[PDB]
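Just the one chain here, laid out as structure tokens, in the form deposited in one PDB entry.
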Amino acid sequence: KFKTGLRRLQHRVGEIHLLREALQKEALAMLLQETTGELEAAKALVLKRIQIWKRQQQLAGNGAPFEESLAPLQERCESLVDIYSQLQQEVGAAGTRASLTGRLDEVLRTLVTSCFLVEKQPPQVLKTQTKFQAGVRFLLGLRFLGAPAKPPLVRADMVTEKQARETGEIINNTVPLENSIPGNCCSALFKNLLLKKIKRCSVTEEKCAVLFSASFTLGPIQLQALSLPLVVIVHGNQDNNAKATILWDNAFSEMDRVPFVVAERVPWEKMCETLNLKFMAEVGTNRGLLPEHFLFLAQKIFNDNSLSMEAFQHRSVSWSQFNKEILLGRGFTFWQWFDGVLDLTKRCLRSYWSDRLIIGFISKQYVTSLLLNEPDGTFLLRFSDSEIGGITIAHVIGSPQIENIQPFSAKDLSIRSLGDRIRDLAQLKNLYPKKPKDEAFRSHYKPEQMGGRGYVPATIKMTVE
């Protein structure tokens, strides 16, 4: 946060300057070594803060806060390159160290090579024969003024995880890296990228990346940048699996790693925070999941039936448990079910969810426990465990019993929204607990268009018995 150290650096440059002008009528002039050392300190710090920005970008993909801007980083790097410039310029004196110029040049080169970033990441789930965009940024672009004034060219090529550790073809891969004096930025934006074909080398688990290469002239520096890991797909059906992989990699990944290694097993609450974040960001609400939801999720993925939330907390979940092992009694993985719920809730249940009308994540046994002691016509809404992306009405009605209504798909809710569907059922009197349905659903109801012209409108209603 403190640039004060920089104000120590340039001032030290001042000291060197005046000292040089003192010998204008051998000496030390040891301050150059000193100052250069503090420069390497500054550079290292800015480099690791860059790496921080990168991991923040990584987390942003799953649904987490991001800076997002690089302008401060750019200003810092610019200042460091400034002091570098005046130092190197000051080296020009009669007062002969190969180390001064040699070290300064490696400071410059590491700063430059690390200032080559992927500002706009390509899609982390990528379909072949579909067009996507990516954006690369150079922070020290306006410091090279341009002195050559001739733009380097950045090429983008697809690489496997193996080639990442140091085929498939992409089109319109060459774009010039250009300086923009307004906007203060040195960027290259690939806006018409397309993948013609890829070598596959469990399909939705192979991590690939886009490699942005360039050449930079001064006085021969090769610039390399690697995008976030991405999963290549060839049809929409694979998407639902691909996300999981990406979801796993964007979180749970250390800042420095061999591309692209990630833990096979992780703490359960880490997974809970990941699910909460992804849920809130993807659906688009600030009303996240609750501890009970995490409990009923926990039993679901673990095939357990404990009613104490803390036993699960010290459990660990593996990638296999997450998206490679089939749930008991069912035909899908945990993740597939969860993502199905994500889709349904995003498209048709966002207002309903934010209003807290949906209990959602509950075993129907806890539902029995709750509803059995309730008056006739009390109901609650639960996500269906049998099918993917479905929601079911559970209500209590000869004695007292409870009825589970066939789950609504996104299609079903598109035909008639959940709200008016609920309005249709007069047998439903109160939303759990003890809340009148006609108050908490007045906004979701749509006003009748009775009357023209010149036809009477025919409406569709849901009924069950």
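Numbers follow the displayed sequence, beginning with 1. We call the rigid core the largest set of C-alpha positions that still match within 1.5 Å between the two forms.
Keep in mind the form deposited in another entry is missing from the figure; the text below concerns it.
In this overlay on the rigid core, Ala149 has a C-alpha that sits 2 Å or more away from its partner position between the shown form and the other one. In contrast to the form presented, in that other deposited form the C-alpha positions of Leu145 and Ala225 draw closer by 3 Å or more. In that other deposited form, the CA atoms of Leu145 and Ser227 come closer by at least 3 angstroms compared with the shown structure.
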